[PDB]
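Computed from heavy atoms alone, side chains included, the values below leave out hydrogens, waters and symmetry copies. Start at 1 and go down the list; that is how both ligands and their atoms are numbered. First the proteins, then the strands, lettered A, B, ... as listed; each starts at 1.
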Number of protein chains: 2
Amino acid sequence: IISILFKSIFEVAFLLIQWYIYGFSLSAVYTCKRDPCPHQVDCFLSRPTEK
Amino acid sequence: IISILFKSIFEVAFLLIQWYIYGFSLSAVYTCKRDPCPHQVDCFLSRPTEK
Ligand SMILES: CCCCCCCCCCCCCC
Ligand SMILES: CCCCCCCCCCCCCC
Ligand SMILES: CCCCCCCCCCCCCC
Ligand SMILES: CCCCCCCCCCCCCC
């Protein structure tokens with residue numbers, strides 16, 4: 001019983017972390033506002049739809 | 001008298017236009033926010049102090 005409970009708990013925790021961090025989709029264009037980049041810049045990903 | 005007056009008027013008008021448009025100094029770094037430039041970009045001039 002403990003093993004099954006821990007399996008379920010880990011699954012739920014990983015799902016929640018993924019939802020909080022990334023979500024469940026990816027966009028083609030990303031906006032970056034981190035140094036040393038001046039102001040904001042546009043970056044492009046690879047294979048967003050397939051991922 | 002008319003010639004002198006028009007000379008003075010032209011001088012004053014040109015000074016006012018210059019003040020309104022540029023001012024009386026130039027900076028080394030300029031910020032550009034015009035299409036097709038994405039977001040804002042930084043540009044650098046030539047010989048600002050001498051000018
Ligand atoms: C089962 C794995 C548990 C991992 C816990 C670590 C939490 C990750 C950090 C939470 C976000 C922090 C944002 C500053
Ligand atoms: C069992 C439920 C499966 C449906 C999950 C749908 C998640 C939302 C996906 C939205 C994608 C939007 C693409 C632009
Ligand atoms: C003696 C020369 C007179 C020139 C008059 C032209 C004025 C220039 C335009 C004024 C600024 C317009 C901002 C939209
Ligand atoms: C007869 C008056 C002459 C003085 C004109 C000064 C104009 C202001 C210039 C400011 C330059 C600042 C450099 C950073």
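Around ligand 2, no residue contributes a heavy atom under 4.0 Å from the ligand.
Residues A:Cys37 and A:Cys32 share a closest heavy-atom pair of SG-SG, 4.2 Å.
When the side chain to side chain contact (heavy atoms under 4.5 Å, CB included) test is applied to A:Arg47, the partners found at least two apart in sequence or on another chain are A:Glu50, A:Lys51. Scanning for side chain to side chain contact (heavy atoms under 4.5 Å, CB included) contacts around A:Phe6 gives A:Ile2, A:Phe10, with sequence neighbours left out. In this structure B:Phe24 satisfies the side chain to side chain contact (heavy atoms under 4.5 Å, CB included) test together with B:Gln18, B:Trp19, sequence neighbours excluded.
For the pair B:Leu45/B:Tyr30, a side-chain contact is recorded, criterion being any heavy-atom separation below 4.5 Å from C-beta on. For the pair A:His39 and B:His39, the minimum side-chain heavy-atom distance is 4.5 Å or more.
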